[PDB]
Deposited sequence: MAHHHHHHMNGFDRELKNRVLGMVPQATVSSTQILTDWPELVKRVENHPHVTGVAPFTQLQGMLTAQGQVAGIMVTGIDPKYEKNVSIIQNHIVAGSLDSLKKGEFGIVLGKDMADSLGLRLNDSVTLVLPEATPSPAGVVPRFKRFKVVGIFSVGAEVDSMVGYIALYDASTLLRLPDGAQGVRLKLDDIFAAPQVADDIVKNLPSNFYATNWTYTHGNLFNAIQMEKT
């Protein structure tokens, strides 16, 4: 199945060069990384974990802040948009692009409201102070059973604004000519970066303790 490989491989972050500090200079990291050997695509990202809620329903979700103009270089989500468009993800508009199954679970259609809730630790007995922000559905995708029910996309700078941070990115995502070269490439790139940077790759994965 040639399409299955592109569906699975298109959704896996092959490698990232990430930072513990928000990168307002992320486009210089893109230019610095794009010409590294084996790199065929680069895009900024910020990875958030939270819940969506609407009309009494709650669903877990992993939200990635993206720039759609770059995201085409690493993703296939733009090829599987069933309603709306990724290009509606703009700073300050607080649109969100959801998977078809996720949107169905919450009774959501295009242009419907949905609340994004992010947990935030606190030493108080409550344990969490949730930060919640209202979003509008501007896109719906349909890729695969797993991804359709767990992941959503928002504007890159709405992701940082939700974090009370300046406009920037957590890191850049890499697409490669050989996914099995992802460990070496990310390790090599990080070697010449300052200590705030670190590498991830798709081989990083379920503890019983």
Numbering the deposited sequence from 1, which residue ranges have no coordinates here? 1-12, 218-219, 224-230
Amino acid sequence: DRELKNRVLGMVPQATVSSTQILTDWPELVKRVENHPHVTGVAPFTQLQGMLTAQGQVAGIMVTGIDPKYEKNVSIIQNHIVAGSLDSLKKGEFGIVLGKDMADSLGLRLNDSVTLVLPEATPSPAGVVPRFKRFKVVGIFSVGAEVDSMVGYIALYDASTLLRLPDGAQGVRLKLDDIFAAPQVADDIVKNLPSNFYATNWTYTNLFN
From here on, numbers count along this sequence of modelled residues.
Got a sec? Mean C-alpha B-factor, which is higher, 121-129 or 72-80? 121-129
For 33-41 versus 172-180, entry-based mean Cα B-factors point to 33-41
Checking the entry, which one of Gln49, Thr161, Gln57, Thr46 has the top C-alpha B factor? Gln57
Using only the C-alpha B-factors in the record, can you name which of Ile66, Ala145, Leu165, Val63 has the highest? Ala145
Test of reading the entry: by CA B factor among the chain's modelled residues, which third contains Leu110? middle
Among the modelled residues of its chain, does the C-alpha B-factor of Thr24 lie in the lowest, middle or highest third? highest
Please place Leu9 in the lowest, middle or highest third of its chain according to the CA B-factor in the PDB entry. highest
Lowest, middle or highest third: where is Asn192 by C-alpha B factor in its chain? highest
